[PDB]
Every structure is written in C-alpha cells, then in structure tokens.
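Worksheet for the structure shown next.
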Amino acid sequence: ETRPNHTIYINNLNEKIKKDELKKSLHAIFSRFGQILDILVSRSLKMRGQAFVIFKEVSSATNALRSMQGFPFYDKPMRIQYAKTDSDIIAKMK
RNA sequence: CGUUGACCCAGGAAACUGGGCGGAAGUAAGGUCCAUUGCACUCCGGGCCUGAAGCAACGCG
Ligand SMILES: NC(=O)CC[C@H](N)C(=O)O
Ligand SMILES: [Cs+]
Ligand SMILES: [Cs+]
Ligand SMILES: [Cs+]
Ligand SMILES: [K+]
Ligand SMILES: [K+]
Ligand SMILES: [K+]
Ligand SMILES: [K+]
Ligand SMILES: [Mg+2]
Ligand SMILES: [Mg+2]
Ligand SMILES: [Mg+2]
Ligand SMILES: [Mg+2]
Ligand SMILES: [Mg+2]
Ligand SMILES: [Mg+2]
C-alpha cells in the first residue's frame with residue numbers, strides 16, 4: 001500500500017506488450033536496484049497492465065520505488081506502490 | 001496417437017512408477033476491434049483474421 005514491502009506493485013502498464021518481453025524489459029530496468037526474486041505478470045482481464053517485482057532486501061524495493069516513480073516505460077508512465085501483502089516466496093523460500 | 005530411448009524432478013534398496021512431454025488444437029500465441037487502471041502468486045473476457053510446439057527417432061493419422 002504505502003508501507004514498505006519486499007515487493008513493489010507496478011501498474012498503468014502498456015497492455016499491448018507481450019508477457020515475457022514485458023518481464024525482460026522490467027527485470028533489466030529494475031535489477032539495477034538490487035537482487036530480484038521474481039517478476040509476476042499475467043495478461044488476464046484483471047491482472048493485465050500490472051506487474052509485481054520482488055526484491056531481496058526492502059531497501060531495494062524502496063529505492064526502486066521513488067527513483068522509477070512516474071517514469072515513462074514503453075510510452076506509459078509507471079505507477080509504483082509497495083505491494084499490499086508479502087509475495088509468496090518470502091515465506092516459501094525459508 | 002503407438003513404440004524404443006535422452007534429460008530434469010518426486011517416490012523407491014531396486015525393478016520401476018508418476019509428472020515434465022506431441023498431433024496436443026482452431027488451444028497457446030500474433031494483428032485488429034471492443035471492454036478493463038485492475039493487489040497477485042496453481043490457467044482462465046468477448047468479435048474477426050491468422051495460427052504453433054512434446055526433447056530424439058521411427059511408426060501411425
Ligand atoms: N506432435 C507430434 O505428434 C509429432 C509427431 C511426428 N510424426 C514426429 O515424429 O515428430
Ligand atoms: Cs529419484
Ligand atoms: Cs513423460
Ligand atoms: Cs482478443
Ligand atoms: K508399480
Ligand atoms: K509422455
Ligand atoms: K506422447
Ligand atoms: K491478439
Ligand atoms: Mg533416492
Ligand atoms: Mg517417465
Ligand atoms: Mg511417449
Ligand atoms: Mg488468447
Ligand atoms: Mg478467440
Ligand atoms: Mg518429433
């Protein structure tokens with residue numbers, strides 16, 4: 001939401017983009033900010049235009065957040081929040 | 001779809017078994033047109049057009 005999460009929630013994503021290449025482009029732009037646990041993207045009716053990237057450390061998520069906030073990606077301005085709830089791996093990876 | 005195999009994973013002392021992995025399907029995916037600004041982590045909106053593939057080989061449609 002607005003409380004620092006390992007995982008950022010991105011939206012206003014250009015839905016015209018194919019799935020894997022939407023990752024590929026996302027994973028590159030963001031891996032700069034730190035180790036990246038995974039990137040989830042569905043093009044379903046209600047999951048499209050949105051991506052979850054999960055970082056190892058919280059600080060990576062935080063830095064990725066404000067730095068990239070509101071920038072144009074594929075001709076559309078990203079909106080970034082902290083994700084409302086922790087991504088699954090965070091537990092599973094224990 | 002069948003047979004004989006490769007490789008990964010789970011179980012098993014093992015033999016092997018299951019999945020990954022085939023005619024799958026007008027599915028995935030692609031173009032367009034509509035509709036959606038959507039908080040998820042076991043697919044998964046609709047129309048038209050186009051349209052695949054198991055990892056290898058052979059056999060069969
Ligand atoms: N998809 C398939 O069933 C492939 C069969 C084909 N005859 C082959 O040997 O590869
Ligand atoms: Cs085994
Ligand atoms: Cs198999
Ligand atoms: Cs469509
Ligand atoms: K048996
Ligand atoms: K098989
Ligand atoms: K088969
Ligand atoms: K399409
Ligand atoms: Mg064993
Ligand atoms: Mg087997
Ligand atoms: Mg077989
Ligand atoms: Mg489709
Ligand atoms: Mg259709
Ligand atoms: Mg073949």
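Cβ placement follows ideal geometry from the backbone for every residue including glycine, while neighbour counts extend to all protein chains displayed. Values in this text are rule-based calculations from the coordinates and carry no lab data.
Just one of (1) over 16 Å from A:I17 (Cα atoms); (2) within 11 Å of the chain's Cα centre (by Cα) fails for A:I39. It is (1).
From the list A:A91, A:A28, A:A51, exactly one residue is small (G, A, S) and touching a helix residue (DSSP H, G or I) at 6+ places or on another chain (Cβ under 9 Å). Which is it? Walk me through it before giving the result.
On the way: A:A91 fails: touching a helix residue (DSSP H, G or I) at 6+ places or on another chain (Cβ under 9 Å); A:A28 fails: touching a helix residue (DSSP H, G or I) at 6+ places or on another chain (Cβ under 9 Å).
After ruling out the rest, the residue left standing is A:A51.
Against the criterion of being surrounded by 14 or more Cβ atoms within 10 Å (Cβ to Cβ) and in a strand (DSSP E or B), A:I10 qualifies.
Within the range A:5-24, track down each residue that is in contact with a strand residue (DSSP E or B) (Cβ under 8 Å, 6 or more places away or on another chain) and away from RNA strand B (no atom under 12 Å from the Cβ). Don't jump to the end; show me each part of the working.
Within the range A:5-24, the first condition is being in contact with a strand residue (DSSP E or B) (Cβ under 8 Å, 6 or more places away or on another chain), and the residues that meet it are A:5-14, A:22-23.
If the condition is that a residue be in contact with a strand residue (DSSP E or B) (Cβ under 8 Å, 6 or more places away or on another chain) and away from RNA strand B (no atom under 12 Å from the Cβ), then A:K23 is the only one that fits.
Strands (runs of 3 or more DSSP E) fully within the range A:25-94 that include at least 3 residues being in contact (Cβ under 8 Å) with a residue 60 or more places away in the chain, within 14 Å of RNA strand B (Cβ to nearest atom) and closer than 11 Å to A:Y9 by Cα: A:79-82. Within the range A:12-31, identify whether any single residue is within 23 Å of A:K94 (Cα to Cα) and among the aliphatic types (A, V, I, L, M), and answer yes or no. Looking for residues that are within 23 Å of A:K94 (Cα to Cα) and among the aliphatic types (A, V, I, L, M), one finds none in the range A:12-31, hence no.
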